[PDB]
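Encoded as structure tokens, the following chain is the form deposited in one PDB entry, with no partner shown.
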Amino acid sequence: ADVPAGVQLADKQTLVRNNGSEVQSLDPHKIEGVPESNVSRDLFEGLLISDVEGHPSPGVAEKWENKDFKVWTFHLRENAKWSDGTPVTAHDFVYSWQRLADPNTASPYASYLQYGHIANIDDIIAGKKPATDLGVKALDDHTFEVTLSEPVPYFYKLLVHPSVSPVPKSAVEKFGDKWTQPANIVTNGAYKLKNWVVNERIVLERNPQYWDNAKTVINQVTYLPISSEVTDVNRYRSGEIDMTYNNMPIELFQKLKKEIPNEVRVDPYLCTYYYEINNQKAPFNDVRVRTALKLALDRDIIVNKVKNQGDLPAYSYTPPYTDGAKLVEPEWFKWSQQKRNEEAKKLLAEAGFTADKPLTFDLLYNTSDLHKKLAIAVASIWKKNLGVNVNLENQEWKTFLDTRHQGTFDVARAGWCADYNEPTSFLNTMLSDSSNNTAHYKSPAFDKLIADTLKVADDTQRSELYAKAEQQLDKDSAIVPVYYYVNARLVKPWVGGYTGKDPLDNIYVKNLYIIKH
């Protein structure tokens, strides 16, 4: 934390943040969501980290170079240490990236190493080469060298993500799936794990071995698993919670903006809310069915009338304000909703659906006041506009994500947030073989458009190909885009250090401080 000259600090430097739900795990190679990543950034530190405004900055690596955007050499700071006092070395990164790649780990983010094109990753994922063939090596204890199979100019932006953070080999090998319990875990970020009570709280305490420990101010941070956005706001206003999660309740938001304007933070955020269609399951494997759902949903009603929090109606997967996005707004987006509805109804009639034998399916969402209200509105809009019936189903966060990976669904509420600020952070998740592809979409045409992006050494050709990739996705109606999120949350006046300038919202509790109050 960089405490401004003249600010008086509170005597007790503790923070309470709501975190939306119970995390999937604390193992960096098994997590894939925002709640998970919020805790991960406080515990595990990769090569680079985001600064307080979101810019890629030195993490364990103090400096790095690249040769032709293909060989990247990271010089690790000599005082980086784990919480047990042992040094963080390049060997930890070799072991860690190999563990991520290894199919026995079954990481949902194994494909992150494909997104960065580390050498031999395809073969390793396929089981043709052992994980030790991965294109990473420790040149010495403090030098980690990564070899890619093609030039990737933005490669270093990828390194702030939890999947490429180090994990402690000795704890992993000795305790297996219990390595992350408090008595066994070993961490290298600014914090250490104090307590973990499922469905109650996660409590982290300052890690005195952290290399930048002298600049850490908060001594303890608690993460809560409250999925009700109304309850989160109530516990914030009662004084229990210092920072809500960044899902706001439809019930209270308009009132909050007029009641405590200086505490309602609303900033740009590179996330898209959509309905994820299971593309491999009939009748959702018919493009006419997907197109009808896409068109018949009324984004103006949802965005400006039911939610009205500042979100923008969406027509793509990649947010248009992503660095490198120059998207073409499809013609259907400029039509009236009435014209969209007619096209939608016509397509379902063509697909065989009638009043007597309508289209009825499930709409799965994770337990939430906001998602439930949105799903209710969507079900009503689809019923009225297209004659389709939906059965809403809620599941807790961890289970919900597992269901989407299983493909044991029809349509699911969804939100993808960038991992790095470049269009492939979204687009790579729709590749046929991506470990993140829970839409279960497989398009050779889409795949080829993306593969071609690193075969040009030109940004304009790259941007045009991303635009074309979004046009292929839209053509196939792989998803139902709803809105581009804004990052809206409540933050007490005494919480210093939160700029809201990072469109990825990669907060580190080591950067915050409690002002005397």
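Note that the rigid core is defined as the largest set of C-alphas that superpose within 1.5 Å between two forms. Residues that one form lacks are left out of the comparison. Don't overthink the numbering: it's just position in the shown sequence, from 1.
Below, we refer to the form deposited in another entry, which is not included among the displayed structures.
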Legend entry - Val34 C-alpha moves between the shown form and the other one by 2 Å or more, core aligned: no
Inset, instruction - Using a rigid core alignment, state whether the CA of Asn188 is displaced by 2 Å or more between the shown form and the other one. - result: no
Legend entry - Sense of the change in Cα distance from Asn18 to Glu393 in the other form - at least 3 Å versus the shown form: farther
Legend entry - Inter-Cα distance between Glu393 and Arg201 in the other form, nearer or further [3 Å or more]: farther
Legend entry - Where the chain shifts between the shown form and the other one once the rigid core is fitted, runs of at least 3 with Cα moving 2 Å or more: 272-308, 310-416, 426-484
